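Step one of this worksheet: look at the structure below.
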Protein chains: 2
Amino acid sequence: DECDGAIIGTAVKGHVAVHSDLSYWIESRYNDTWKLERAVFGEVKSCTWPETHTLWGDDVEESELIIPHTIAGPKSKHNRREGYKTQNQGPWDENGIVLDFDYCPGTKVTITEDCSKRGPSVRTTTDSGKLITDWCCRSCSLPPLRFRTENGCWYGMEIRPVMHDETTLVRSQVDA
Amino acid sequence: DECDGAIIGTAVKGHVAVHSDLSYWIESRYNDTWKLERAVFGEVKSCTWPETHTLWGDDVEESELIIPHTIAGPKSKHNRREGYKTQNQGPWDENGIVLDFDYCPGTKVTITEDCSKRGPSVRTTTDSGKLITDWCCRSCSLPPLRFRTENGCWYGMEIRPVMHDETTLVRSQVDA
């Protein structure tokens with residue numbers, strides 16, 4: 001059911017909007033459009049964010065919400081970024097998750113319709129610890145959706161690794 | 001003055017203690033001793049954490065508090081880790097800060113009294129982007145205190161870089 005309304009602070013002041021509670025800090029900004037900027041997770045939890053404490057919640061498509069509504073992502077158009085759909089297979093079992101829109105260190109991302117489609121989030125280091133340097137997406141926007149975690153950096157579902165030899169990938173096992 | 005008591009959740013349940021508010025998630029654990037485990041910062045702020053919402057707050061030395069009381073670190077013996085003093089010159093101007101006790105990727109830390117003393121936190125990549133691989137501390141404990149941020153990984157004040165040639169260091173400019 002709903003997360004408790006009593007310990008939620010949601011606020012927008014001009015061109016910065018924040019949905020927060022005791023575990024989530026979800027920040028969006030206006031430059032020429034509203035975009036999700038950063039989301040910081042003290043812990044990940046499974047309840048629905050209440051409507052009473054949600055900005056811009058009219059005519060919301062659940063599959064557009066970056067942070068899935070099933071893990072208390074607000075049902076808010078602030079919880080969106082052009083070029084990305086819901087991150088249901090992000091690395092939601094990791095600790096110290098921060099989601100932002102920047103390159104994982106030592107990597108690059110190219111937009112091309114050659115890319116494979118959305119799948120589970122992949123960590124930028126292989127099982128043995130090699131860095132995968134090149135990535136693509138069909139039609140995501142840049143800078144790319146990334147998750148920084150206590151175990152490495154991961155890209156959003158849209159962004160797929162570009163490899164030229166056999167490699168073992170570490171991929172998210174979660175579906176949220 | 002004090003941060004607002006109204007939007008604070010502080011709880012301990014057996015061997016896991018959490019001090020949280022709308023921006024901070026500060027977690028400690030008991031294994032054989034109580035130690036700070038992780039602290040996640042949606043934003044960094046400057047007010048004092050109220051006593052009313054502080055665990056284990058008797059006979060507290062301010063210079064022992066990992067997260068300085070001046071940036072709303074709780075005045076709590078849960079906010080401590082053997083071998084470390086207050087991180088007043090941690091990288092507190094960065095975004096998406098997570099503090100935990102693990103190695104920055106590709107690095108190692110040795111305890112030796114050869115080390116230089118506590119100073120400002122240093123990022124593990126130089127100005128030009130080279131990785132500093134070797135580090136020391138006089139008498140910190142392992143695993144080392146680290147800050148993961150949207151701009152790289154940084155070590156706690158105690159942990160100093162070990163270099164064999166001229167290099168430009170990126171160091172914290174903050175004193176909190």
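Chains: A, B, ... in order of the structure tokens. Residues: from 1 per chain. Ligands: from 1, in order shown.
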
* Neighbour list for residue 161 in chain B as a ChimeraX atom specification, cut-off 12 Å, only C-alpha atoms, skip fewer than 6 positions in-chain -> /B:107-110,115-126,131-137,154-155,167-171

Near residue 59 in chain A, within 10 Å and counting only C-alpha atoms, which residues show up once chain neighbours fewer than 2 positions away are dropped, as a compact mmCIF listing (two decimals) with N, CA, C and O atoms, in the first residue's frame?
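Saved the output as around_12.txt:
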```txt
# COMPACT_ATOMS: atom_id res chain seq x y z
N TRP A 56 2.71 17.35 -9.90
CA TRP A 56 2.60 17.06 -11.35
C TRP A 56 2.21 15.59 -11.62
O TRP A 56 2.87 14.84 -12.37
N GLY A 57 1.09 15.21 -11.02
CA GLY A 57 0.64 13.81 -11.00
C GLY A 57 -0.57 13.50 -11.88
O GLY A 57 -1.06 12.37 -11.85
N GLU A 61 1.76 8.28 -17.12
CA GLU A 61 1.96 6.94 -17.63
C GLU A 61 3.02 6.24 -16.77
O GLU A 61 4.16 6.68 -16.70
N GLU A 62 2.65 5.13 -16.15
CA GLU A 62 3.54 4.39 -15.26
C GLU A 62 4.86 3.92 -15.91
O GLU A 62 5.92 3.88 -15.26
N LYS A 75 4.55 9.02 -8.61
CA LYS A 75 3.75 9.01 -9.83
C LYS A 75 3.61 10.42 -10.31
O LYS A 75 2.55 11.00 -10.29
N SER A 76 4.72 10.92 -10.79
CA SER A 76 4.94 12.31 -11.04
C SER A 76 5.65 12.42 -12.36
O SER A 76 6.62 11.67 -12.62
N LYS A 77 5.26 13.43 -13.14
CA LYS A 77 6.00 13.78 -14.34
C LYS A 77 7.38 14.37 -14.08
O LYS A 77 8.14 14.42 -15.02
```

* To do: Could you please select, counting only C-alpha atoms, the residues of chain A within 8 Å of chain B and state them as a PyMOL selection string?
  => chain A and resi 7-9+20-25+38-42+96+98

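In this model, the gap between CA of residue 70 in chain A and CA of residue 48 in chain A comes to 6.0 Å.
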
* Asked: Leaving out residue 16 in chain A and any residue of its chain fewer than 2 positions from it, which residues lie within 12 Å of it when counting only C-alpha atoms, given as a list in words?
  -> residues 10, 11, 12, 13, 14, 18, 19, 26, 27, 28, 29, 30, 31, 33, 34, 35, 36, 37, 38, 55 and 78 of chain A

* Every residue of range 93-171 of chain B that DSSP places in strand (DSSP E or B), as a PyMOL selection string -> chain B and resi 98-101+108-111+122-123+125+131+134-137+145-149+152-155+160-161+171
